[PDB]
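Visitor: Sharing a structure here in structure tokens format.
Laboratory data are not the source of any read-out in this text; all were calculated from the coordinates shown. Reconstructed Cβ throughout: ideal geometry from the backbone, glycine too, with neighbour counts over all protein chains shown.
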Amino acid sequence: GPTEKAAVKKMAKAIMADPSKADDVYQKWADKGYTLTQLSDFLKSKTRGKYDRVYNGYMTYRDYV
Ligand SMILES: [Cl-]
Ligand SMILES: [Cl-]
């Protein structure tokens, strides 16, 4: 719900502001169980692609071999 959406987006914005924070956040998201499909629901924007770096980094974290 609203609390979760806002909290996940705030963490995404922290990665946007500081690329080096990504693994701190992705570790947390993995422990929280978020899938890549699900993540998208927290990365909506009026700006096309705004959080693509966040999405892409989590795909690498989860799915890169
Ligand atoms: Cl919630
Ligand atoms: Cl960027």
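Visitor: How much length would be gained if the chain were fully extended between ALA14 and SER40, taking 0.36 nm per residue of separation minus their Cα-Cα distance, in nm to one decimal? Write down the numbers at each step before the final one.
Guide: Values: separation 26, 0.36 × 26 = 9.36 nm, distance 1.63 nm.
That works out to 7.7 nm of additional length.
Visitor: Points 7 angstrom from Cα along the Cβ direction at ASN56 and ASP23: gap in nanometres?
Guide: 1.9 nm
Visitor: With each run of n ≥ 4 DSSP H residues scored as -39500 (n - 2.57), what mean residue ellipticity at 222 nm is computed for the chain after dividing by its residue count and rounding to the nearest 500 deg cm²/dmol?
Guide: Numbers: 4 runs with 43 residues, N = 65.
That calculation yields -20000 deg cm²/dmol at 222 nm.
Visitor: By a straight-distance test (C-alpha under 16 Å), which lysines pair with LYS28 as possible cross-link partners, with residues fewer than eight away in the same chain excluded?
Guide: Within reach: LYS5, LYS9, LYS10, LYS13.
Visitor: Under unit Cβ charges (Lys, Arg +1; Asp, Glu -1), what dipole magnitude, rounded to 20 debye, does the chain have relative to its Cα centre?
Guide: On the way: 13 positive and 8 negative charges, 79 e Å.
With only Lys, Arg, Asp and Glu charged at Cβ, the dipole is about 380 debye.
Visitor: What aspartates and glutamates sit close enough to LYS32 to cross-link, taking a C-alpha to C-alpha distance under 12 Å and skipping anything fewer than 8 places away on the same chain?
Guide: Partners within reach: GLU4.
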